[PDB]
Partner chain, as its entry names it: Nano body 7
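This document starts with one chain, in the form solved without the partner chain, laid out as structure tokens.
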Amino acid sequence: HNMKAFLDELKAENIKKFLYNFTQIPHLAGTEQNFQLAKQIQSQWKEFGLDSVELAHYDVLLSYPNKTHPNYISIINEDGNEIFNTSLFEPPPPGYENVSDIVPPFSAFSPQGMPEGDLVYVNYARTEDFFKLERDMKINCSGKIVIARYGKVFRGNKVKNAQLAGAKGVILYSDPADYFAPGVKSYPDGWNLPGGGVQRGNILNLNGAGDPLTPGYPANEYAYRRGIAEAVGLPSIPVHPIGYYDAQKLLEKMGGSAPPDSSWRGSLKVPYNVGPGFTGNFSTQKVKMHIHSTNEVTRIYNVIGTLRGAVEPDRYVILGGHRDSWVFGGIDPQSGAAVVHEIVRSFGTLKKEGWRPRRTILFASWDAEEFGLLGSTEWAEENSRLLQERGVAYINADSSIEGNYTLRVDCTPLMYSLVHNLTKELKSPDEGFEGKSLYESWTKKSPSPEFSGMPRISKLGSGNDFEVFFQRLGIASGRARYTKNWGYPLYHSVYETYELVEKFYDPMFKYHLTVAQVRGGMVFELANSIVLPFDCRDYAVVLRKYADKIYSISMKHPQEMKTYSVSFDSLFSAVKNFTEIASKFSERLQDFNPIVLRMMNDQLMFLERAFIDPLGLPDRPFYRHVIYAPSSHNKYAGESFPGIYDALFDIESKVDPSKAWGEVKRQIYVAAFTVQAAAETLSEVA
């Protein structure tokens, strides 16, 4: 009973069976169907052999369209007539036109409203897009409806950016330039987005809070909830998404200024005029939104399975991914959840033969991830003390594939070595690499920008269920999935089905199987290796990289750094110290008795934990990791030394430079202190 045994028990055919089983009806959070799937998963995980399997439920704020009062957008003429209306549903996929309860496209958590106004086209609605509109083009968004294309950044950042600019409404759409791959056919004949396809998705700005009504505390039966008016993260203007057929109708009459350059033009046969408003003929027509969605406190259910550790049952390695989907979830998330199900099945087969892992493994099927990571965050708020004193690692398990080209890993530097070592022992599934390792194919296809002969591994960002574990609690975290050659066209649409995956992404299920071996093999090592498989020297390498980068951003303002005596010396000193201490620690780790071992492993487990500042980042108390936080411009992207980065952002625009530069210095001191403090956790303990 070893890792090879675990890995050999995983079967592509089983992943395929489970994916099919998980994707025949929609499993939207808060619905009957998703409770039923949770019950099924709990039953099967027990049958698979876990020691215990429980549902953990919470009553959280969710959001749904009004069934009898649909959401839509109009062009209205001056007479008041609605002369063009967007579509009320996506044409359902072949063979699914009778499935009940497909939720129509909507932006979850939109407030209600029927605003009317002139359209302004804001490109991707990124921070830089609004800067370009307002500062360079002198175009004023206040009181206008903005239309923005999806992509580049999390949609919630788009809405926040629109709000701050004074917009009274947001219309989101998928441009073929971003969601239609050239040379491939639309679903059902290929994997491309049809013009009637629409990306659903929440538009919250929770900054890691979880349920908007109970930030800090689990939404259990006796919770005291904020009123809607004080809820965290809800947008203050109506928002609705549409497909590119409808978008074309809204964009074609656009007047005002031309697009500032070609980076602002998508693929529709439309000028991409920024506005405000329409051209001459139609300058009297307007855009009207009709949004009637309601926010509703609704029960959600996590499935939590436990495989007790033989030696350190009080040390937890967690494999977690969500189960709730927008409609059928053929990729998002069931391609990940089917992989988790087969991982549980394999571990349980070993267990039934008398094996147990050294440490406890917890398996999680999270609910309401699509509505703001609510299920993972509420459970972690409930269990925060257990997690912070016992949590070894968290491996996420959302969609296993978003392409069929190569591997994509985003993790803490603590697991870089683990990931290199594991992938060297796994067979590549790729054409042209038969008989060669996954490591070889991945490094060949996705080389490191810095080191020859190594693969790219990215920082963790946010916007998935690892966020509370890593960014709030400081538990070492990672994720891995197959990706494209550098999202995917049918993301969050009704066309993400079992057939999309089985026909176009992974017909042999070999990419699913490889991802199962990576996620499963990581959890196996973390739960069974005698010494935890973390290399602190890898952190010392990246900290230097990030310190160089942040210093180079500051050095765009040399005169201000002289005037205000802005020095990075403390941060560099801390990083140098971390490097030296980590080096000594690594020598002792190889050169040593279970208390020494357990004292040692605790140093490795609490090293990620040491980067947490209990005071949080400014105005973001649930983002506490001083090295990594979600980017303030794009929740999906990771930022390093985010406190310093945000202090320096757009600093030349601040009215009181002394105060702005003071706050940069304050952030340098906080970062330097935290790096040194983390380093000292690796010093000899007495």
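Residue numbers count along the first chain shown, from 1.
The modelled chain breaks after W486 and resumes at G487, leaving 4 to 9 residues of the deposited sequence without coordinates. According to the entry, the deposited sequence places 1 to 3 unmodelled residues between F592 and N593. When the C-alpha B-factors of 205 to 213 and 501 to 509 are averaged, 501 to 509 comes out higher. The stretch 135 to 143 shows the higher mean C-alpha B-factor when 513 to 521 is compared against 135 to 143 in the entry. Of the candidates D602, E467, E312, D118, the deposited coordinates give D118 the top C-alpha B factor. Looking at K39, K67, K635, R620, the one whose CA carries the top B-factor in the deposited record is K67. Split the chain's modelled residues into thirds by C-alpha temperature factor. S658 is in the highest one.
Placement of the Cα temperature factor of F568 within the chain: middle third of the modelled residues, per the deposited record. Annotation for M561: C-alpha temperature factor in the middle third relative to the rest of the modelled chain, per the entry. Annotation for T279: CA B-factor lies in the highest third of the chain's modelled residues. Among all modelled residues in this chain, the alpha-carbon of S683 has a temperature factor (C-alpha) in the middle third.
There is another form of the same protein, the form solved in complex with the partner chain; it is not shown, and what comes next is about it.
Of the residues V531, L164, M114, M555, just one reaches the partner chain in the deposited complex with a heavy atom at 4.5 Å or closer; this is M555. Think of it this way: in the deposited complex, the partner chain has a heavy atom of just one of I145, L319, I331, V575 within 4.5 Å, and the residue is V575. Interface residue remark: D619 is not counted as part of the site for the partner chain in the deposited complex, having no heavy atom within 4.5 Å. Taking non-hydrogen atoms only, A547 approaches the partner chain to within 4.5 angstroms in the deposited complex. Taking non-hydrogen atoms only, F433 never approaches the partner chain to within 4.5 angstroms in the deposited complex. Contact annotation: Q559 falls within 4.5 Å of the partner chain in the deposited complex, judged by heavy atom distances.
Contact annotation: the partner chain lies within 4.5 Å of heavy atoms from the stretch 445 to 453 in the deposited complex, the single such stretch among 509 to 517, 445 to 453, 123 to 131, 364 to 372.
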